[PDB]
Structures are given as structure tokens and as C-alpha cells.
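**Q** Protein chains in written order, with the authors' numbering: chain A, 2 to 338; chain B, 2 to 338; chain B', 2 to 338; chain A', 2 to 338. A prime marks a further copy of an entry chain.
Beta carbons are placed, not taken as given, at the ideal position from N, Cα and C, and that holds for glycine.
Below you'll find the structure I mean.
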Ligand SMILES: Cc1cc2nc3c(=O)[nH]c(=O)nc-3n(C[C@H](O)[C@H](O)[C@H](O)COP(=O)(O)O)c2cc1C
Ligand SMILES: Cc1cc2nc3c(=O)[nH]c(=O)nc-3n(C[C@H](O)[C@H](O)[C@H](O)COP(=O)(O)O)c2cc1C
Ligand SMILES: Cc1cc2nc3c(=O)[nH]c(=O)nc-3n(C[C@H](O)[C@H](O)[C@H](O)COP(=O)(O)O)c2cc1C
Ligand SMILES: Cc1cc2nc3c(=O)[nH]c(=O)nc-3n(C[C@H](O)[C@H](O)[C@H](O)COP(=O)(O)O)c2cc1C
Ligand SMILES: O=Cc1ccc(O)cc1
Ligand SMILES: O=Cc1ccc(O)cc1
Ligand SMILES: O=Cc1ccc(O)cc1
Ligand SMILES: O=Cc1ccc(O)cc1
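Below you can see the structure in the form of C-alpha cells.
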């Protein structure tokens, strides 16, 4: 059997294959309340019918002002539990496992009113300057990630992923380019990592299941973070009990990034090798052959697929055919697959 | 531009492209009450996100004993209206038009208790002998199609299609192989067609929107119906106001059928030409090139896609690429399509 | 099995499949003597390795002033026999049958010195006015087609095709738009056809093997030839012993042509049905599904492939895969096909 | 521009792209004289028309008894120069560069009469036991590689590759599993490498152009050679002036090899990184995406394609389309590509 379609167990969770639907914002919560809509349901459940091993729900704000846009999904209120409970149940019924990405847009939040970050530094020339979070505010935000995780557990999610990438709040604390704080949350790598450290420990108090952390393995910028920095954070996350690091990159500030098939794979491979940590590979992986190569050559443990799953919801089937293998089809499509 | 992606107007309905999702039973009404389930919602709505011009909902029984299986959808009760109302609303929200196939399995019903047909002739050796419908029972069934159409209109459907194919009730009345009646519903081509004639006229009393009729253009059997017979029926349907004939074939009785890409297209083109009736082509059509060829060579007006839409929900996108053309993507997928 | 990959016998010739490499000028006779070059050898033989059932060599001029360009292949000299003999031998060694298209560009010849045609009417504004052939010149040309056919037979070709399409010499005689003669070669459909009639009869005197004739089934021009005219010609060719009509279209004069997948298939099916003549379909056919549909629906007997064989020399293999079937691979590629 | 289609200069040779047709035996020298045939010409030249940057001709024996089979190509005689001269000229004319793989089958030679190897050990239970080469015979074989290289230069080849892989002669000397010699050519890694060392130095005396060496980076067998051993040989080859190491693997003896897309890439990456030597990656690479990933992530310098070039001679075009880029088409196919 192909490794891509070989099961894997993480904590109490067993995925039927190594294909993961990468979290992707749909900006479709038109009521601006962070709640799910019929579109979200059809969008996610169709990939479950499509046999994706694990579906990670798009960035979901742990605080309303932590949304990227007012059309984002949210999990800052118990009122968000009802909808998510229906989603997890329906995705699970099709045979897929489901996760949610807990997030906070930080200085990249496109909302009216003050937005927050570790330091009052704008993302770019077009962005509003954020307010530096008070130590009190930082600690309250840590509690919001914990509270959000508790809601995700109640909602029935199998995995929880902390969004510590793409220039958002946590990433902003991690990088010296965006974190100029003079308190316990800034300075040394230990201090810059403190925010994430506290989030992981608190989430641990309410969630014992699989815990992923998505990082931007590089800032591709002089004086910014690079893979060496992230290998360091990874070892600390391993000690804290993080099960897998979802390896993305960039977006802290505009930068020149050479994009190509598997351009972020080196990050997943190095963290896996040097930090002895399971990793998720993502970034222009669009066919089963590359997915299989990545896994067989020990470059990552899970293959995150984003845009290809937008073009082909049934990528699992397509990948199976490309690898000349067979996978179970959803019962209702037996006469077509 | 490509004809396949050029709008077409039928009555007061305008389709953005000429791709139609052929009706396909999902056997997922697990409560056996003919109601829709979350699976049906994700199943159909995902193809609307996928830009299918017109989605025809699977065979929905106009009478509980007219279901193929107890897992079929139904529209024999006002209780079915609420669910269908949500479905049409959500499918239309994506930009697709939606239709429903009104059906009655006749002697091919796989249910407990008496099953009905024009004559007491079983489908095959493994099938129960059906009860010959009394003239009044035939009339009650006509009213049930009428009542079902009224519910469909209320639920918000854009198109209504009468299932007069695949060996089910109406087809059974149409063919001399299954209809041996000597009353007003049998004996001559006109009388064998009477049941359908009354159904069309009655549906017209409560529905003046697009009206489709799916037929099995041939029984592929000696003494059975052939394309010449259906060209005759098409002429009569034209006079009655039918807008398009969905051209399928077979299934009245077991027969040896040579299946291949476009094996039913000749039926669609002959009826279109000889009956001056718009037609829908269906059967082993799996790529944009053939779809465009059928439309451009005037063989049909709409291209019905079945199994390829089970393998690839976003066939519209794939076909556009194959035809070296571009179509609008759902807003949420602009970064991937 | 698939019809596309089922053998077919024409006269004493049996093709292993029904895929034909449509004649395509390579403009590679750099010494301007009409002789073959190493490029031509690799070009044609690679498609034989590729399992194409029948390979038709590009337009080969029966007279030097009948070439389209001075870079064309020729067969107006016994000096051309040696090269063609090597080509047929090597192509047949792979299992493919081979044919040659005998041609004469007429008024579309892009050469220095007088060019000829049935009437002194130029192709367009950027073309030289041709010399009206004297009756004797017409007769000499008929003999040149005969002599060319004799050379083709000697060189080992399996099939001979007369190029009576694309606005070249024979086509020019056939259409009233380009033929205004009032002698035995003009004035009525019979007289306009006379040139072709004499060519067929004379070729028959030295060649009794498969004989094809490529025509432009329509001029797409008011007062020009249309499919009705060609069905008439096909009936006459049938009487003369022509085995198959290769159905192309246009090019006599500039015209607006709606091109799409299978845009010339209607010509092939109408002639096949109304003239009871075997036909070759060509024009935007790029995949196995359409090829099979054309054959199974009785629209043509052979599928001519042009540009797709330039993009994919091994189209036979690709088509087999698309049709979920398998064909024998050349022995040398058994480990790859 | 994509790296796969970015030129690279090695010595005095510039390749227009990084795609290389991996050497592949055709067993088509039916006259058993090691000479080329029309099949070989069409086979190789078609990939040149297909735009492959570099075409490596199949294993060509430096001694008749060094052939794998009596149908192999040879270069053990000046009589082989004439044919090769025509091949290199024609491949170069299409715009591709060409190389030849100098080889000696050793104990895997399937010929009548004594076969040779470093030690009298059979390849497997089905094979004949080879005769241990005398020291004199070994040195004569070194001279045969030199003499063959001289013929390749005269024939017009751009690159010469030494076949030191797949269980053949040189590989047999390199591995302790097959080399039990007690003289200067056996024992220590220095002694086991001596045969290849002498071949490289002698070839250098007659050839100053690009020099490749293909190795089996692992024997996948206990007590056999592994990547660590080959990294060692690579450093020595670097010192000797070898320009690139073509990284294959296995075939010294039967072994359990886990085959998958890019399964030999780790070898190319490690040798490149640790030996500071340019490398060629090969082994189930069938699409442009993986080819691009390998190059962009610095895993190899050239992408060798084998079986995919047997299925798709115009893989370069296919890969270009997969990478959404454009490459020049052969002039004759401008209207198809
Ligand atoms: C429309 C869209 C929405 C996205 N939303 C998210 C998100 O909420 N969280 C996240 O971590 N990444 C997000 N991403 C990044 C993707 O998950 C993925 O890592 C990226 O596209 C690289 O992979 P791909 O080449 O497979 O698409 C998004 C990308 C797109 C195109
Ligand atoms: C699982 C399944 C369910 C189907 N259900 C229906 C149905 O409810 N009504 C109908 O008219 N045809 C039904 N069909 C026939 C299809 O609509 C379609 O006409 C047929 O599959 C031929 O087209 P295709 O080759 O595009 O699939 C079904 C076919 C399949 C495979
Ligand atoms: C480069 C090129 C050369 C051609 N040469 C010839 C020729 O010599 N004789 C002929 O009858 N048609 C010729 N044609 C027309 C083709 O044979 C074929 O009928 C046409 O391209 C339509 O088919 P296709 O879509 O499969 O390419 C040529 C077309 C191209 C693009
Ligand atoms: C029919 C055939 C012939 C081959 N001949 C040779 C050869 O002469 N020399 C060599 O080094 N490898 C030879 N190989 C191995 C290939 O060059 C290539 O390295 C191998 O197939 C792995 O790559 P692929 O997956 O791209 O085919 C051959 C393979 C096949 C299938
Ligand atoms: O909407 C795009 C998006 C990209 C990356 C993220 O992390 C979040 C949103
Ligand atoms: O489930 C298959 C099916 C086929 C044709 C129909 O019409 C109804 C159901
Ligand atoms: O080169 C294009 C060409 C087209 C049609 C012909 O018949 C001859 C040449
Ligand atoms: O013919 C297959 C073959 C494989 C590997 C080699 O090295 C030589 C020949």
C-alpha cells in the first residue's frame, strides 16, 4: 500500500490516510457573527465525502477583534459551539477526522477600531498601526486560546491547531522584526516564545487530544527568523507535548519568496530531523507522486493540501489513481469512482 | 466563447452554462420517510459551488409505493416541502438553477406490499408480479404527479422533469412489451401515451415553468419501442408544451446494450431534428470536447453529466480547461481556480 | 474491446487499429528537390513505433510547379522512389501501414514562375493570378497523377490518397467559384468533376490497392460547394471504385469558419450514410472518447488525427488509456508502456 | 523561468534545459554487430525533436563480450563510428546535446562463451559463473574504455558517461559482495575503486569534455555498499575531474528495494551536498512538478527521465505545461505545440 494511504495514529486519533485539507479562510460568515453558513457546511463536508483523512477548519478567531475580516469564522463564544458540533458530526460521519485552527490576526486584522500586536508596528504602508498589548491584555489573550480550545473539544473536534504563522499575532511575538517589547514577552528567544509557551500549556489544561502548531518557518528577511530559529522553537514545543508542526512560511512582512512545487518541504524535513518532531508539509503540492515522495523519503508525516483541494475536492481519488492504487469510495458514489 | 459555457434561456429560466447534473439516486433517506438529510445537502450544493448550470435532483417518488427503495427521496407529502425549500434556496445562492425529477418506480419498486404497473407482468424472474392498476388508480397517480409538481413549485424549484424512462411506471405504460391493457390506457400508441399525456396536462395546471421529460429512447428489444416511436411521442409532447426531452434509454427489461462514449446521443439528435424539440444528451459524456461537439453540431441543447460529476464535482472547471477557456469561479475559490 | 482498436480491412490491407496520422506538410525538403531528409524519417517512423494504424505522408507534389512551397516533398520524379522505398520499409517494420497523399497546389502554389488553375482567378489579393490550364495541360496533369501513383506503388506504399481538398488544383476544378471553364472540364457538376474522374480512372490503371480521396466538404461560401454537392461527388467516386473519402473542408477562398471539436464530422457521416461510402473523420479530434464515439455511432470508419499527433506522437497509447483498454506496445517499450 | 528549463553549462557544453533522457537499452541491433538501425535513429531523434536537453545513448559495450545481450549497441570498433556520427549530427541538428554510456556487462553478460568479472561469483542461481579477470585482462579492459571514449569523441558526442552501476563490471569491482580479489584491484576501498580510477584517468587522456559516471548508490544488502561508501567514491571522482555523478542504485544482486516516486533522490542530494559534486537524479520522476522541486531544493543538477520518455517522447512539452511555462517548439510543429 502507498504511504499516502497508510493510516497513522496521533494520540487517540487514527487518520485513514495522510492527506490533510489545509486550513483555508472562506470569508463567508456574512452575518459578521463568526457563525457557520450553508456554504461552509457544503464546502467542508464535500471533502469528507471526498475521503480526505483530516480536514482542518479555516482560521477561527479566539477574539472578535482577532479576526482577519468581519466575514471570518469565530470560536470566541459558546454560541459558536452549536454550529461546529453539526459540522464535526457530519464530517466524521463521512469517515474523515476534523480539526480547527485557533487564531488571532494581530496587526493584520482588517477591522474597524484598535487592533493589537506585541508592538506598535504596522504590517506595511497600507496598514493601520496596532496598539501594543498591555501585559494584562497578552495574558487575557492566552486565556482566550484556552477557552477557545475548550469550546473546540465540546464541539467535537479531533485535533486543535494553534495558528502561530503568517504574520498573525503569535508569529508577531516570535519574530524580533515585529516584537520590540521590553517586558517578559520580548527580547530573548525564550521571551519571544513565552506567549506561545503559555498558550500551549493552558490549552493543555483543557485539551488532551492531538495538538498541532502551524508556523512560518522563515521570515525570508534580514534580521528576521529563519529555519534555525524554528528548529529551536520546535525542540521547546516537543518538550511541551506538541504532536506535530505544520510547516508554512512567510507573511510577517512583505518579502521576496521563491515559490515552487514543494518550496516549504525543506522546513518540514529539517524540523522533523533535528527536533525529532512529526511534521506537516505544505506548499504547492498538487499530485500524489510528490505527496508519496515526501512521505517515503521521510521529509514529513502528513501532506497538507490547499489550493489543489479547491480545484479538485476529490483529490484523494485523483491521487490514488496517479499512484496506481485503490481506496474506498464513499458508498453513494460506488458506481462512479 | 464555447457554446458549453454560453447562457441559454428556457421559458423564464436562464442557465449560465449548458452543463446539467443528471438526476442520481443517493439512497440516503435513512429514516425511510423520503426526507432530505445533511448528506444530500452537501452532495448537491457542492456541485452548485462547482458551477454546474442546472442541478436535477434524483428521482423523487410521487407516492411512497412508487419509490425504487425505501431509502429514496420523496415529494408525496407536504412534509417534504420544508427540506426542499432549504435545498433550492442554498443551491440557487451559488448561481445554479435547480430541478427535480418526479418519479414512480412502478413494477421496479423494491418495496414490501403490492407494487403497481399497467399490466400484471413482472420485470424479471427475481421480481414480484405487479398489480394491474385499475383505471381509477391510474387517475389517482396522475393527480399525484400534479400534486407533487405543486409541491415542487412551492419549494422553489426552477425546473420539473417527469421520469418517463428506465422501465419505471410511465415507461411501462408507453411500451407494448409491458402494457397489455385494453382500456383507454392501452391498445394503440395514442392510448399507451395517454398516461403521460394526462400527467403533462395536469402538471401544466399548477406549473407553467420549464418542463422536462426524460425518456428511454429505445427498449433495445424486438417488438419493443425504438427511436421512431419516441420521435412520435416527442411530436405530441411538443404540442403539449414540453420544453425539452432528456434522452436516456433502456431498462424496461433486461437487454444487451452496446455502451460507449455518447452512445445515446443519436436519440437526442434525431428527436431534436425530427420533432423540432430541444433535447438533453446523456450517457458516457466525460469531457469538455465531446460536450462542445454535441452542442455545436446541433445534436442536443443541454449536456447531462452523471458519473463524471461523482468523480469530479467541479467538472465545469475541468471542462473549461479542456476547452482552453475560462469561467467565473465561486468567489471563495478565486485564489485556486 | 474498443472499436478504435479493432482491426479493419480495406481491399487487401488490414489496419491494426482505426487511428490514422493525417497528412501534414513538414516543409523540410531543404534541398528543394522534393526528396526526403533524416528529419522526415524520424518524424514519420516515430509514430509507427507509436502504434498509429495508418500513416499518411504529407502532400507530395506530382509536378514541381504543383508544390505548395519549394520545401515540399515530391513524387514527380523516379529519383524520389529510393527515399520513399526506405520510408515505407521502415514504417511497415513497426507494424503500421503507410499511405501517400498525391497533390498539386494549383493557384495556391507559392513558387516563382507561372502557377496553374482551371481558370485565371487568384486565390486572394496577396496571390498571383494563375494561368488557365489548356485542355492539354489538364491532360498532362492527369497523367502526372497516374505516373506518381505508379511510383508510389513501386516505393511500397499501402494506400494512395488523392488530394482534392483545401483549395488546391483538383478542388479548384470542382468548385464553380474557381472554375469558370466552358470546355469539357467546366460548365456542369459532371464536367467540374471530370478532372477528378480522369485522375481516378488513370490511377486505377496502375494501382488497384486502397484508394482514398480527401475533399473539402464545403466552401462555406455563397454559390460555392456544400455538403449536398459532395454527397453527389461521393456517389460518383463510389461507382469509380474509391474506397474511402477523407472528409476535410474549406480553404478554396477565405471564409469565416466556426471551428470546434469534431466540426467536420457531420460531413463524414452524411457522405457515409447517403453515398454508402466509407469515410475518414478529421478536425479537432484529440482524445480517445470522441474517436470511439465517432466510430460506434457510425459517423466514420477511420479517425484521422493531425495536430494531436504533433503534441503526442504516442496518441494511440494515450487514447487506449483514456478508453480504459490496452494495446500492444512496441517490444522495446514493454517496460514503460 | 522555471529551473527545469534554465540552461546550464558543464565544461564547454551548454544544455538548453535540465531534462536528460536516461540511457535505455533497446536490444535492437538485430545484426548482432553492435551497429545502429533505423529504429534506433527514429527512437533517439524523436526525443531531440521533442526538445530533450540531453540524450544519453543506451549502454554501449566497449568489448563484444561486455554486451548484456547480442542485440546491444557497441562501440568496441571503429566501424561503429560511422553510424554514431550520423546519430549525433541529427540529434544536434534538432537542438539537443548528446551523450553515450560506455559499458561492460561483466558477470551479467548474457552471451555464449566465458564472461568476465573481478571474481568467479555468479550474479544469481540462474546465471553462469564468470571467469576471474587476470590482472592483464583488467588492464586491457581499462584500455578498451579509453579506446571507446576516443571513438565517442570522433563520433561527435558531447558527453561521455561511464557505466559504473547496475551490477555490471565496474560496479562488481567496487562492491565487496562481488569483489573478492587478492590483488591490487581488491580489498580496501582504494583497491576496489582502482579499476574505476584507472578508467577515469585514461579516458581523460583522450577526452576533455563533460564526463559523467553513473553509480548504484547502494547495494541494499548487508555487507554491501551503501550511500556512505559512494560519498567516499564521489570525493575521489571529484578530485579526478568527474563533472557529474548520475545516481541510480541496486542490481548488483537481487535485493528488496522499496520503489516509489523519487526513491533515489536522497542519493543525489547527499552526494551533491557531501562531495560538492554535481548530480543527476533518476528513478520514477514522471512530472514537471517533481522535476522542478528536485532542482529548486538543491537535490540534484539534472533530471534524468527514463520510462516516462518511453510513454511520452515529448515529455519536455508536457512538463512545460504542467509548470505553466512555455518552451520553444520544433519549427515543424509550431502549429500544434
Ligand atoms: C483562499 C485561501 C485561504 C487560506 N486560509 C488560511 C487559513 O485560514 N489559515 C492558514 O494557516 N493558512 C491559510 N491559507 C494558506 C493555505 O492553507 C496553504 O498553506 C497555502 O495555500 C500553501 O498551500 P497550497 O499550495 O497547497 O495551496 C489560505 C490560502 C488560500 C489560497
Ligand atoms: C448511482 C446512480 C444513480 C442514478 N439515479 C438516477 C435517477 O434518480 N434518475 C434518472 O433518471 N437516472 C438516474 N441514473 C442514470 C443517470 O442519470 C445517467 O443518465 C446515466 O448514468 C448515464 O450517464 P453518465 O454516463 O453521465 O453517468 C443514475 C446513475 C447512477 C450511476
Ligand atoms: C503543420 C500542418 C501541416 C498540414 N499538412 C497537410 C497536408 O499536407 N495535406 C492535407 O490534406 N492536410 C494537411 N493539414 C491539415 C491536417 O491534415 C488536418 O486535416 C487538420 O489539421 C485538421 O485536423 P487536426 O485538428 O487533427 O489537426 C496540415 C495541418 C498542419 C497544422
Ligand atoms: C527498457 C529499459 C532499458 C534500460 N537501459 C539502461 C542502460 O542501458 N543503462 C542504464 O544505466 N540504465 C538503464 N535503464 C535504467 C534507466 O535508465 C532508469 O535509470 C530507470 O528506469 C529509473 O528511471 P525511470 O523511473 O525514469 O525509468 C533501463 C530501463 C529500462 C526500463
Ligand atoms: O485568506 C488567506 C489566508 C492566508 C493565510 C492565513 O494564514 C490566513 C488567511
Ligand atoms: O440507482 C440507479 C438508478 C438508475 C436509473 C434510475 O432511473 C433510477 C435509479
Ligand atoms: O501547411 C498547411 C497545409 C494545410 C493544408 C494542406 O492541405 C497543405 C498544407
Ligand atoms: O535493459 C535494462 C537495463 C537496465 C539497467 C542497465 O543498466 C542496463 C540495461
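1. So with CB distances below 9 Å, who are the chain B' contacts of residue 291(B)?
2. Can you confirm whether the stretch 200 to 207 of chain A touches the stretch 143 to 158 of chain A when touching is taken to mean that 3 or more C-beta pairs between the two stretches lie within less than 8 Å?
3. Which class does residue 160(A') belong to by DSSP, given the choice of helix, strand or coil?
4. Hey, could you find the ends of the beta strand (DSSP E) residue 249(B') is sitting in?
5. Quick check on the DSSP output: what are the complete alpha helix (DSSP H) runs of length 4 or more inside the stretch 168 to 198 of chain B', in order along the chain?
6. Bridge partners for residue 10(B') per DSSP, in chain order?
7. Would you mind telling me which residues of chain A' sit closer than 9 Å to residue 39(B'), beta carbon to beta carbon, in chain order?
8. Give every residue of the same chain whose Cβ lies closer than 8 Å to the Cβ of residue 56(B'), excluding the five residues on either side of it in the sequence, and list them in chain order.
9. Can you pull out the residues from the stretch 301 to 327 of chain B' whose beta carbon lies closer than 9 Å to at least one beta carbon of chain A'?
10. At a Cβ cut of 8 Å, what residues of the stretch 237 to 269 of chain A' count as close to chain A, listed as they run along the chain?
11. Identify each residue in the stretch 24 to 36 of chain B for which the Cβ-Cβ distance to at least one residue of chain A is less than 8 Å, and report them in chain order.
12. From the DSSP output, read off the bridge partner residues of residue 323(A').
13. Note down, in chain order, every chain B residue with its Cβ under 9 Å from the Cβ of residue 99(A).
14. Assuming contact is defined by CB atoms lying nearer than 8 Å, are residue 179(A') and residue 228(A') in contact in what I supplied?
15. Have a look at 188(B'), 299(B'), 170(B') and 245(B') and flag the residue whose alpha-carbon is nearest the alpha-carbon of residue 177(B').
16. Quick one: is the Cβ of residue 50(B') within less than 7 Å of any heavy atom of ligand 2?
17. With distances taken from CA atoms, which of 240(A), 313(A) and 160(A) is nearest residue 209(A)?
18. Using only the alpha-carbon positions, how far apart do residue 221(B) and residue 284(B) sit?
19. Please classify residue 30(A): is it buried, with 16 or more other beta-carbons within 10 angstroms of its beta-carbon, or exposed?
20. What residue ranges within the stretch 267 to 327 of chain A form continuous beta strand (DSSP E) runs of no fewer than 3 residues, ordered along the chain?
21. Going by Cα to Cα distance, which pick from 3(B'), 172(B'), 277(B') and 319(B') is closest to residue 225(B')?
22. List the whole-angstrom C-beta distance separating residue 212(A) from residue 242(A), where the pair is believed to meet the contact cut-off of C-beta under 8 Å.
23. Report yes if the C-beta distance between residue 68(B') and residue 336(A') is below 8 Å; otherwise report no.
24. What are the residues of the stretch 189 to 214 of chain B that lie near chain A, defined by any Cβ-Cβ distance shorter than 7 Å?
25. Using the Cβ count rule (16 or more neighbours within 10 Å means buried), how would you classify residue 1(A)?
26. So the alpha helix (DSSP H) residue 56(B) belongs to, where does it begin and stop?
27. May I ask you to report which of helix, strand or coil DSSP gives residue 165(A)?
28. Looking at ligand 8, does it come within less than 7 Å of residue 69(A'), judged from the CB to the closest heavy atom?
29. DSSP three-state label for residue 253(A'), please.
30. Strictly under 8 Å for the Cβ-Cβ distance: is residue 297(B') near chain B by that measure?
31. Cβ of residue 167(B) versus every heavy atom of ligand 6: is any distance shorter than 7 Å?
32. Relative to the C-alpha of residue 288(B), which candidate in 38(B), 83(B) and 325(B) has its C-alpha closest?
33. Is there a C-beta anywhere in chain A that falls below 8 Å from the one on residue 50(B)?
34. Using three-state DSSP, classify residue 100(A) as helix, strand or coil.
35. Would residue 86(A') and residue 157(A') qualify as a contact pair, given that the criterion is a beta-carbon distance under 8 Å?
**A** Working from what's here:
1. Ordered by position in chain B', the residues that pass the 9 Å Cβ test against residue 291(B) are 262, 263, 288, 290, 291 and 294.
2. With the cut-off at 8 Å, the stretch 143 to 158 of chain A and the stretch 200 to 207 of chain A touch.
3. DSSP places residue 160(A') within a strand segment (E or B) once states are collapsed to three.
4. Where residue 249(B') is concerned, the enclosing beta strand (DSSP E) stretches over 245 to 249.
5. Fully contained in the stretch 168 to 198 of chain B' are the following alpha helix (DSSP H) runs of length 4 or more, in chain order: 170 to 175.
6. Answer is 15(B').
7. Chain-ordered, the chain A' residues with CB closer than 9 Å to the CB of residue 39(B') read 42, 46, 87, 90, 91 and 94.
8. Contacts found: 21, 22, 45, 48, 49, 92, 97, 98, 99 and 100.
9. Taking 9 Å as the upper bound on Cβ-Cβ separation, chain A' lies near residues 307, 308, 309, 310, 311, 312, 313, 314, 315, 318 and 319 of the stretch 301 to 327 of chain B'.
10. Result list: 259, 261, 262, 263, 264, 266 and 267.
11. For the stretch 24 to 36 of chain B, which is checked against every Cβ of chain A, the residues closer than 8 Å are 27, 28 and 29.
12. For residue 323(A'), DSSP assigns no beta-bridge partner whatsoever.
13. Within chain B, no residue comes near residue 99(A); the closest Cβ sits about 14 Å away, beyond 9 Å.
14. No, the pair does not count as a contact, with Cβ atoms beyond the cut-off.
15. Shortest Cα-Cα distance from residue 177(B') to any of 188(B'), 299(B'), 170(B') and 245(B') involves 188(B').
16. Of the heavy atoms belonging to ligand 2, none sits nearer than 7 Å to the Cβ of residue 50(B').
17. The shortest C-alpha separation from residue 209(A) is found at 160(A).
18. Here the alpha carbons of residue 284(B) and residue 221(B) stand approximately 16 Å from one another.
19. Buried is the label assigned to residue 30(A), since at least 16 other Cβ atoms lie within 10 Å of its Cβ.
20. Unbroken beta strand (DSSP E) stretches of 3 residues or longer found wholly inside the stretch 267 to 327 of chain A: 279 to 282 and 303 to 306, given in chain order.
21. Residue 225(B') has its Cα closest to that of 172(B'), out of 3(B'), 172(B'), 277(B') and 319(B').
22. Sure, about 7 Å apart at Cβ, within 8 Å.
23. With contacts defined by Cβ atoms closer than 8 Å, residue 68(B') and residue 336(A') do not form a contacting pair.
24. Against chain A - using a Cβ distance shorter than 7 Å - the stretch 189 to 214 of chain B contributes no residues.
25. With chain A covering 2 to 338 only, the question about residue 1(A) has no answer from this structure.
26. Residue 56(B) -> not in any alpha helix (DSSP H); beta strand (DSSP E) instead, spanning 55 to 62.
27. Note: residue 165(A) maps to strand in three-state DSSP.
28. Residue 69(A') Cβ: within cutoff of ligand 8.
29. Assigned with DSSP and collapsed to three states, residue 253(A') falls in coil, not helix or strand.
30. At a cut-off of 8 Å, the C-beta of residue 297(B') has a neighbouring C-beta in chain B.
31. Yes; taking the cut-off as 7 Å, the Cβ of residue 167(B) has a heavy atom of ligand 6 nearer than that.
32. Taking only the C-alpha atoms, the option nearest residue 288(B) is 325(B).
33. Taking Cβ atoms only, chain A reaches closer than 8 Å to residue 50(B), which makes this a yes.
34. Looking at residue 100(A) - three-state DSSP - the assignment turns out to be strand.
35. Yes.
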